[PDB]
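Only one chain is included here, represented as structure tokens and corresponding to the form deposited in one PDB entry.
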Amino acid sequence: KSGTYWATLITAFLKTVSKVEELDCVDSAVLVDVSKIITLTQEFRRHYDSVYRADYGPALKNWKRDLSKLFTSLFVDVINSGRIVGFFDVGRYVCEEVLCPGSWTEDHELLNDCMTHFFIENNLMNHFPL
């Protein structure tokens, strides 16, 4: 769909998981999609834990410099539903564990721009009715 729709979806998603009740006034359609992605990223995380001993922490110390390489790397060979969910779950980890909850700082905007540009640059919206 619309590029503005996907930019709005990613920002709303990041704001919701950031506990940033610095709300919005977006529509019903964006909100039900944010909900589906939140549910999917939790189911994803649960699979990640069932398979691995550690979680994302160590690899994200320098997320401000490497995030784009991680995403590029994530979609180097193929793009599918599961990896796109991993894409959002990484972002959810940054807002939940790395950054401060409840406030929308400049680093959130950096995370947002990064994810919005990557999601769009790579036509990620074509692999998602999920």
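For the two forms, the rigid core is made up of the largest set of C-alpha atoms that agree within 1.5 Å on superposition. Just count from 1 along the sequence shown to find any residue number. Shifts are known only where both forms have a C-alpha.
Quick note: we don't show the form deposited in another entry, though the next part is all about it.
A.B. asks: Picking from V98, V26, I38, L70, which residue has its CA shift by 2 Å or more between the shown form and the other one, once the rigid core of the two forms is superposed?
C.D. replies: Comparing the C-alpha positions, the one residue that moves 2 Å or more is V26.
A.B. asks: Flagged pair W63/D24: C-alpha distance shifts by 3 angstroms or more in that other deposited form. Which direction, closer or farther?
C.D. replies: It is farther: in that other deposited form, the C-alpha atoms of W63 and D24 lie at least 3 Å more apart than they do here.
A.B. asks: Given that the distance between the C-alpha atoms of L23 and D107 changes by 3 Å or more in that other deposited form, do they end up closer or farther than here?
C.D. replies: Here the pair is closer than in that other deposited form; there, farther apart.
A.B. asks: Please list, in sequence order, every run of 3 or more consecutive shared residues whose CA atoms are displaced by 2 Å or more between the shown form and the other one on a core superposition.
C.D. replies: Moving stretch: 21-29 alone.
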